[PDB]
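A.B. asks: Supplied structure: protein-v6.txt, compact mmCIF, C-alpha atoms and all ligand atoms.
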# COMPACT_ATOMS: atom_id res chain seq x y z
CA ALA T 224 -52.70 118.11 129.25
CA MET T 225 -50.25 119.63 131.68
CA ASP T 226 -49.85 119.23 135.44
CA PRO T 227 -50.48 122.41 137.48
CA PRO T 230 -44.24 124.88 135.74
CA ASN T 231 -45.30 126.68 132.52
CA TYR T 232 -48.86 125.46 132.97
CA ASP T 233 -51.31 126.37 130.19
CA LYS T 234 -54.80 125.11 130.88
CA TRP T 235 -55.47 125.05 127.10
CA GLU T 236 -52.78 122.50 126.24
CA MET T 237 -54.16 119.10 125.45
CA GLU T 238 -53.10 115.59 124.59
CA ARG T 239 -52.81 115.36 120.83
CA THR T 240 -53.68 111.58 121.23
CA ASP T 241 -57.16 112.39 122.63
CA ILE T 242 -58.15 113.47 119.08
CA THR T 243 -58.86 111.14 116.12
CA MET T 244 -57.95 113.13 112.97
CA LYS T 245 -60.12 112.54 109.96
CA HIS T 246 -60.20 114.19 106.52
CA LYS T 247 -59.69 117.86 105.55
CA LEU T 248 -62.75 119.96 106.21
CA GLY T 249 -65.08 121.50 103.58
CA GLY T 250 -63.28 119.90 100.62
CA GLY T 251 -60.02 121.72 101.43
CA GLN T 252 -61.48 125.27 101.28
CA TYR T 253 -60.05 126.02 104.81
CA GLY T 254 -56.48 125.03 104.27
CA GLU T 255 -55.00 122.71 106.84
CA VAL T 256 -58.23 122.29 108.84
CA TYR T 257 -59.47 118.78 109.74
CA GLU T 258 -62.58 117.17 111.12
CA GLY T 259 -61.74 115.47 114.43
CA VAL T 260 -63.29 113.43 117.18
CA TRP T 261 -62.33 114.25 120.72
CA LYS T 262 -62.83 110.57 121.66
CA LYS T 263 -63.23 111.03 125.39
CA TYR T 264 -66.15 113.47 124.97
CA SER T 265 -67.46 111.68 121.84
CA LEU T 266 -67.36 115.13 120.24
CA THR T 267 -66.75 116.20 116.66
CA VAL T 268 -64.29 119.13 116.48
CA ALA T 269 -62.50 121.27 113.98
CA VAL T 270 -58.67 121.11 114.13
CA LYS T 271 -56.39 123.63 112.45
CA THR T 272 -52.82 122.52 111.97
CA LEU T 273 -49.33 123.59 110.83
CA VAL T 280 -45.25 129.85 113.17
CA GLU T 281 -45.52 133.27 114.83
CA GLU T 282 -48.84 133.91 113.09
CA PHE T 283 -50.25 130.55 114.23
CA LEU T 284 -49.18 131.03 117.88
CA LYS T 285 -50.35 134.64 117.86
CA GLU T 286 -53.78 133.37 116.65
CA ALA T 287 -53.95 130.77 119.41
CA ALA T 288 -53.01 133.47 121.93
CA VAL T 289 -55.79 135.74 120.77
CA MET T 290 -58.43 132.97 120.91
CA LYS T 291 -57.53 132.35 124.57
CA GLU T 292 -58.58 135.93 125.31
CA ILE T 293 -61.98 135.70 123.67
CA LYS T 294 -65.25 134.17 124.75
CA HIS T 295 -68.74 134.89 123.45
CA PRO T 296 -71.77 132.78 122.63
CA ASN T 297 -71.48 134.10 118.95
CA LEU T 298 -67.72 133.70 118.50
CA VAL T 299 -66.48 130.27 117.48
CA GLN T 300 -65.27 128.64 120.76
CA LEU T 301 -61.68 127.57 121.26
CA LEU T 302 -61.61 124.13 122.96
CA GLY T 303 -57.83 123.57 123.25
CA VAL T 304 -54.39 123.70 121.62
CA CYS T 305 -51.42 121.46 121.10
CA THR T 306 -48.48 123.93 120.88
CA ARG T 307 -45.60 122.37 122.82
CA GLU T 308 -44.24 120.20 120.01
CA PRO T 309 -45.11 120.26 116.30
CA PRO T 310 -47.38 119.54 114.51
CA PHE T 311 -49.26 122.40 116.22
CA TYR T 312 -53.10 122.14 116.61
CA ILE T 313 -55.73 124.74 117.41
CA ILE T 314 -59.00 122.96 118.25
CA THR T 315 -62.47 124.50 118.15
CA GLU T 316 -66.10 123.40 118.23
CA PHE T 317 -67.52 122.01 114.93
CA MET T 318 -70.63 123.83 113.69
CA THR T 319 -73.07 121.44 112.02
CA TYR T 320 -74.23 123.53 109.06
CA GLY T 321 -70.92 125.01 107.92
CA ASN T 322 -70.15 128.51 106.60
CA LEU T 323 -72.94 131.08 106.48
CA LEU T 324 -72.46 132.06 102.84
CA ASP T 325 -73.03 128.50 101.51
CA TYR T 326 -75.81 128.01 104.12
CA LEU T 327 -77.72 131.04 102.82
CA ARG T 328 -77.28 129.94 99.15
CA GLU T 329 -78.44 126.36 99.96
CA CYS T 330 -81.12 126.92 102.55
CA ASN T 331 -84.86 126.25 102.67
CA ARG T 332 -86.16 129.83 102.27
CA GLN T 333 -89.46 129.02 103.97
CA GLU T 334 -87.43 127.91 107.07
CA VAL T 335 -84.85 130.68 106.79
CA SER T 336 -87.48 133.35 106.69
CA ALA T 337 -87.28 137.16 107.16
CA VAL T 338 -87.27 136.77 110.91
CA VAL T 339 -84.42 134.23 110.73
CA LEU T 340 -82.35 136.73 108.69
CA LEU T 341 -83.02 139.28 111.43
CA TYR T 342 -81.85 136.72 114.05
CA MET T 343 -78.62 136.02 112.12
CA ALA T 344 -77.82 139.79 111.77
CA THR T 345 -78.53 140.30 115.42
CA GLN T 346 -76.21 137.43 116.60
CA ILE T 347 -73.37 138.71 114.43
CA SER T 348 -73.71 142.26 115.71
CA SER T 349 -73.52 140.74 119.25
CA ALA T 350 -70.22 139.12 118.56
CA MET T 351 -68.93 142.32 117.06
CA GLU T 352 -70.12 144.47 120.02
CA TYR T 353 -68.03 142.11 122.20
CA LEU T 354 -64.93 142.41 120.00
CA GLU T 355 -65.46 146.20 119.99
CA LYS T 356 -65.65 146.22 123.84
CA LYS T 357 -62.35 144.15 124.02
CA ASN T 358 -60.56 146.50 121.63
CA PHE T 359 -60.06 143.76 119.00
CA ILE T 360 -60.40 144.36 115.19
CA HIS T 361 -61.65 141.49 113.10
CA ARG T 362 -60.33 142.80 109.72
CA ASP T 363 -62.11 140.25 107.48
CA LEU T 364 -65.83 140.15 108.50
CA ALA T 365 -67.98 138.52 105.75
CA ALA T 366 -70.45 135.66 105.44
CA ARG T 367 -67.68 133.26 104.34
CA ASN T 368 -66.15 133.83 107.90
CA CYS T 369 -69.31 132.91 109.82
CA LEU T 370 -70.59 129.45 110.83
CA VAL T 371 -74.06 128.04 111.34
CA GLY T 372 -75.17 125.50 113.95
CA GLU T 373 -78.48 124.10 115.14
CA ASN T 374 -81.54 126.31 115.45
CA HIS T 375 -79.99 129.07 113.28
CA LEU T 376 -77.19 129.70 115.76
CA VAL T 377 -74.52 131.84 114.05
CA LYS T 378 -70.95 132.48 115.15
CA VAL T 379 -68.29 134.78 113.81
CA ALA T 380 -64.99 133.18 112.94
CA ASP T 381 -61.79 134.10 111.05
CA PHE T 382 -60.51 131.35 108.75
CA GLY T 383 -57.47 133.24 107.37
CA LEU T 384 -58.92 132.91 103.89
CA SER T 385 -57.03 135.69 102.00
CA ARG T 386 -54.40 133.26 100.50
CA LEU T 387 -56.57 130.13 100.45
CA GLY T 390 -60.96 133.49 92.63
CA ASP T 391 -61.43 137.27 92.71
CA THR T 392 -62.86 137.41 96.25
CA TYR T 393 -59.38 138.52 97.39
CA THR T 394 -57.05 140.39 95.18
CA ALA T 395 -53.41 141.42 95.71
CA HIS T 396 -52.27 144.52 97.57
CA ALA T 397 -48.52 144.59 98.29
CA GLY T 398 -47.91 140.96 99.40
CA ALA T 399 -51.31 141.42 101.05
CA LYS T 400 -54.58 140.21 99.47
CA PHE T 401 -57.75 142.23 100.33
CA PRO T 402 -61.40 141.45 99.70
CA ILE T 403 -62.01 144.73 97.86
CA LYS T 404 -65.77 144.53 97.93
CA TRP T 405 -65.80 144.23 101.78
CA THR T 406 -63.01 146.82 102.37
CA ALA T 407 -63.75 150.30 103.82
CA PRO T 408 -62.54 153.31 101.70
CA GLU T 409 -59.87 154.40 104.25
CA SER T 410 -58.56 150.83 104.32
CA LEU T 411 -58.30 150.81 100.50
CA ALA T 412 -56.72 154.27 100.36
CA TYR T 413 -54.54 154.40 103.52
CA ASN T 414 -54.26 150.83 104.81
CA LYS T 415 -56.11 152.10 107.90
CA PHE T 416 -58.05 149.29 109.70
CA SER T 417 -60.14 149.80 112.87
CA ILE T 418 -63.35 148.71 114.46
CA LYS T 419 -65.01 151.26 112.05
CA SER T 420 -63.67 149.43 108.98
CA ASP T 421 -65.28 146.27 110.56
CA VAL T 422 -68.49 148.26 110.76
CA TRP T 423 -68.23 148.96 106.96
CA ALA T 424 -67.65 145.16 106.30
CA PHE T 425 -70.61 144.36 108.55
CA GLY T 426 -72.87 146.46 106.29
CA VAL T 427 -71.67 144.34 103.33
CA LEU T 428 -72.38 141.22 105.39
CA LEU T 429 -75.95 142.43 106.04
CA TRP T 430 -76.41 142.77 102.24
CA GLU T 431 -75.09 139.18 101.86
CA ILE T 432 -77.57 137.95 104.43
CA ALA T 433 -80.44 140.01 102.87
CA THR T 434 -79.86 138.56 99.36
CA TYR T 435 -79.46 134.90 100.54
CA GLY T 436 -75.72 135.03 99.78
CA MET T 437 -75.44 137.04 96.53
CA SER T 438 -71.94 138.47 95.64
CA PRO T 439 -71.83 142.22 96.37
CA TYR T 440 -71.45 144.91 93.65
CA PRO T 441 -72.48 142.26 91.01
CA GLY T 442 -70.41 142.69 87.80
CA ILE T 443 -68.72 145.81 89.00
CA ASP T 444 -65.07 145.78 88.05
CA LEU T 445 -62.87 145.86 91.17
CA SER T 446 -60.76 148.75 89.84
CA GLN T 447 -63.75 151.08 89.77
CA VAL T 448 -65.05 150.27 93.31
CA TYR T 449 -63.15 152.94 95.16
CA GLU T 450 -64.04 155.55 92.47
CA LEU T 451 -67.71 154.72 92.73
CA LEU T 452 -67.79 154.84 96.55
CA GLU T 453 -65.99 158.24 96.46
CA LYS T 454 -68.86 159.40 94.16
CA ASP T 455 -71.39 158.25 96.79
CA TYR T 456 -72.51 155.06 94.92
CA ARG T 457 -73.83 152.41 97.38
CA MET T 458 -75.47 149.08 96.79
CA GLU T 459 -79.22 149.12 96.42
CA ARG T 460 -81.74 147.82 99.04
CA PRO T 461 -82.20 144.01 98.56
CA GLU T 462 -85.67 142.68 97.70
CA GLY T 463 -87.62 142.22 100.96
CA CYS T 464 -85.08 144.04 103.15
CA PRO T 465 -86.90 146.25 105.71
CA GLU T 466 -86.27 149.94 105.31
CA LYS T 467 -84.84 150.15 108.84
CA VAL T 468 -82.33 147.38 108.07
CA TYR T 469 -81.30 149.17 104.82
CA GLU T 470 -80.89 152.38 106.85
CA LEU T 471 -78.45 150.53 109.08
CA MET T 472 -76.55 149.22 106.08
CA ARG T 473 -76.18 152.76 104.71
CA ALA T 474 -75.05 154.01 108.07
CA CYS T 475 -72.38 151.35 108.10
CA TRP T 476 -71.25 152.67 104.67
CA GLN T 477 -70.75 156.27 105.70
CA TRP T 478 -67.65 157.58 103.96
CA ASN T 479 -65.96 158.99 107.14
CA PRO T 480 -65.37 156.12 109.62
CA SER T 481 -66.23 158.45 112.53
CA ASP T 482 -69.79 158.86 111.09
CA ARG T 483 -70.51 155.12 111.13
CA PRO T 484 -72.39 153.68 114.21
CA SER T 485 -70.67 151.55 116.87
CA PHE T 486 -71.42 147.86 117.12
CA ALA T 487 -73.03 148.64 120.49
CA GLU T 488 -75.46 150.94 118.62
CA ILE T 489 -76.03 148.53 115.81
CA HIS T 490 -76.68 145.57 118.15
CA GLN T 491 -79.07 147.73 120.20
CA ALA T 492 -80.91 148.71 116.99
CA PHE T 493 -81.27 145.03 115.99
CA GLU T 494 -82.29 144.00 119.51
CA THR T 495 -85.06 146.57 119.45
CA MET T 496 -86.24 145.25 116.11
CA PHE T 497 -85.68 141.50 117.02
CA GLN T 498 -88.26 142.17 119.77
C1 LIG M 501 -60.11 125.12 113.82
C2 LIG M 501 -60.10 126.63 113.93
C3 LIG M 501 -58.93 127.30 114.31
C4 LIG M 501 -58.85 128.68 114.46
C5 LIG M 501 -60.02 129.40 114.22
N1 LIG M 501 -59.96 130.77 114.51
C6 LIG M 501 -60.91 131.75 114.49
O1 LIG M 501 -62.02 131.53 114.00
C7 LIG M 501 -60.64 133.10 115.02
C8 LIG M 501 -61.76 133.86 115.36
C9 LIG M 501 -61.58 135.14 115.81
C10 LIG M 501 -60.29 135.68 115.98
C11 LIG M 501 -60.18 137.12 116.51
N2 LIG M 501 -59.14 137.88 115.77
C12 LIG M 501 -58.96 139.27 116.33
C13 LIG M 501 -57.74 139.97 115.62
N3 LIG M 501 -58.00 140.03 114.12
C14 LIG M 501 -56.84 140.61 113.38
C15 LIG M 501 -58.29 138.65 113.57
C16 LIG M 501 -59.44 137.95 114.29
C17 LIG M 501 -59.18 134.94 115.63
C18 LIG M 501 -59.35 133.65 115.12
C19 LIG M 501 -61.21 128.72 113.91
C20 LIG M 501 -61.26 127.35 113.66
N4 LIG M 501 -62.47 126.72 113.38
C21 LIG M 501 -62.76 126.37 112.11
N5 LIG M 501 -61.91 126.71 111.14
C22 LIG M 501 -62.22 126.41 109.84
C23 LIG M 501 -63.41 125.72 109.57
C24 LIG M 501 -64.27 125.37 110.61
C25 LIG M 501 -65.57 124.65 110.49
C26 LIG M 501 -66.06 124.33 109.21
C27 LIG M 501 -67.26 123.67 109.11
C28 LIG M 501 -67.98 123.32 110.26
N6 LIG M 501 -67.57 123.67 111.53
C29 LIG M 501 -66.36 124.28 111.64
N7 LIG M 501 -63.93 125.69 111.87
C1 LIG M 502 -87.59 141.21 109.56
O1 LIG M 502 -86.18 141.43 109.33
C2 LIG M 502 -85.89 141.14 108.01
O2 LIG M 502 -86.74 141.00 107.08
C3 LIG M 502 -84.43 141.13 107.63
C4 LIG M 502 -83.45 141.38 108.64
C5 LIG M 502 -82.05 141.39 108.35
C6 LIG M 502 -81.67 141.24 106.99
CL1 LIG M 502 -79.97 141.34 106.57
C7 LIG M 502 -82.61 141.07 105.99
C8 LIG M 502 -84.01 140.98 106.27
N1 LIG M 502 -84.87 140.80 105.22
CL CL M 503 -55.29 128.13 135.00
CL CL M 504 -68.28 124.62 105.51
CL CL M 505 -56.88 143.31 117.03
CL CL M 506 -73.51 123.01 116.00
Is it possible to give me this structure as structure tokens?
Ligand SMILES: Cc1ccc(NC(=O)c2ccc(CN3CCN(C)CC3)cc2)cc1Nc1nccc(-c2cccnc2)n1
Ligand SMILES: COC(=O)c1ccc(Cl)cc1N
Ligand SMILES: [Cl-]
Ligand SMILES: [Cl-]
Ligand SMILES: [Cl-]
Ligand SMILES: [Cl-]

C.D. replies:
Amino acid sequence: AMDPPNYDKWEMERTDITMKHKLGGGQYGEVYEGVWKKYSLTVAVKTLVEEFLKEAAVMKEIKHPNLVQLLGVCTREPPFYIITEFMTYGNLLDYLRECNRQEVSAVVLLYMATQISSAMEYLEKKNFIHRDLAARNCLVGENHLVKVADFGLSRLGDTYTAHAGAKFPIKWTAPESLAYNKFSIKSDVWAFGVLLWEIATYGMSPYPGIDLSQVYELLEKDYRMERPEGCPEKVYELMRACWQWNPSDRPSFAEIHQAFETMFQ
């Protein structure tokens, strides 16, 4: 930590953190479990350049109860660290697959959807684009608390597939993103509808068995995924709204969050 001369309040003493093993069996790349000794606090620590420093810069501009919280950075000297909170129950997709379904009931699914749409309303308000919203990019803490993250998973199976030295998760990717490389808050809104279907099925893969090279074709012919067992009609209506072909026809996250709020009470 710096003395208030290029001061950055986020810079911390690398030595304050005890680095343990790679997190989640190595599924996150160079991310480690850590203890910030002086707070007795378990943390997540991503390590390694422009991309990495641009990510740290972005995280300093964002703060929301449902976005994973940046705690500090070590970016003076290598090896560079970005340090965030550690969320006890791990990524949402695995959580939903593994959970006690009597505990994670219909109302809990509603609560998860609602928290995520909150985070996305805040990114929408700040003019940020997520670009890879999916259950695999969300984290679960105590009492069903859910936060949106971005683990940079595209180069870490067939979830992502190549597009010009880019890899895209086709089944979460809006039609104008597939066809024109156009990303916006409205392509996040499309991805959010897919996320809602993940939550509604307790973590099933979307478009089951559908070959990736026929996805665009099908969507252009108005095919959409069917309503999951037990999913309220109103929630399915929101999903279908998120999957409107023209991005301008899709609701805002402000609208979506308000719709879930109304339901969640
Ligand atoms: C250690 C770390 C470093 C960086 C990040 N970064 C982000 O999560 C993030 C979130 C949002 C943005 C916003 N950004 C807007 C612009 N578009 C293009 C991209 C997204 C950027 C980065 C998270 C983490 N946290 C993290 N990473 C991997 C795994 C875990 C983890 C695993 C299990 C239990 N608890 C925590 N925790
Ligand atoms: C009561 O709300 C629900 O049942 C519910 C809400 C969100 C999702 Cl994604 C699925 C559900 N099944
Ligand atoms: Cl300051
Ligand atoms: Cl995890
Ligand atoms: Cl952005
Ligand atoms: Cl937690």

A.B. asks: Could you report the residues within 10 Å of ligand LIG 502 (chain M), using all atoms listed in the file, as a ChimeraX atom specification?

C.D. replies: /T:336-345,426-435,460-469,471-472,493,496-497

A.B. asks: Would you mind listing what lies within 7 Å of residue 318 in chain T as a ChimeraX atom specification, with only C-alpha atoms counted and same-chain residues fewer than 5 positions away left out?

C.D. replies: /T:370-372

A.B. asks: Which value, in Å to one decimal, gives the distance between CA of residue 407 in chain T and CA of residue 420 in chain T?

C.D. replies: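 Separation between CA of residue 407 in chain T and CA of residue 420 in chain T: 5.2 Å.
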
A.B. asks: With only C-alpha atoms and all ligand atoms counted, collect every polymer residue having an atom within 12 Å of ligand CL 503 (chain M); state the result as a list in words.

C.D. replies: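 Within the 12 Å cut-off, the matching residues are residues 224, 225, 226, 227, 230, 231, 232, 233, 234, 235, 236 and 291 of chain T.
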
A.B. asks: For the residues selected in the previous step, produce a file with C-alpha atoms as a PDB file, in the coordinates of the input.

C.D. replies:
ATOM      1  CA  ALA T 224     -52.700 118.110 129.250  1.00  0.00           C
ATOM      2  CA  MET T 225     -50.250 119.630 131.680  1.00  0.00           C
ATOM      3  CA  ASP T 226     -49.850 119.230 135.440  1.00  0.00           C
ATOM      4  CA  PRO T 227     -50.480 122.410 137.480  1.00  0.00           C
ATOM      5  CA  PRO T 230     -44.240 124.880 135.740  1.00  0.00           C
ATOM      6  CA  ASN T 231     -45.300 126.680 132.520  1.00  0.00           C
ATOM      7  CA  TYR T 232     -48.860 125.460 132.970  1.00  0.00           C
ATOM      8  CA  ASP T 233     -51.310 126.370 130.190  1.00  0.00           C
ATOM      9  CA  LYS T 234     -54.800 125.110 130.880  1.00  0.00           C
ATOM     10  CA  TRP T 235     -55.470 125.050 127.100  1.00  0.00           C
ATOM     11  CA  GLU T 236     -52.780 122.500 126.240  1.00  0.00           C
ATOM     12  CA  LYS T 291     -57.530 132.350 124.570  1.00  0.00           C
TER      13      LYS T 291
END

A.B. asks: Would you mind telling me which residue in T:280, T:260, T:379, T:347 lies nearest to ligand LIG 501 (chain M) when using only C-alpha atoms and all ligand atoms?

C.D. replies: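 Among the listed residues, T:379 lies closest to ligand LIG 501 (chain M).
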
A.B. asks: Under the rule that all atoms listed in the file are counted, which of T:378, T:362, T:263, T:294 is the nearest residue to ligand CL 505 (chain M)?

C.D. replies: T:362
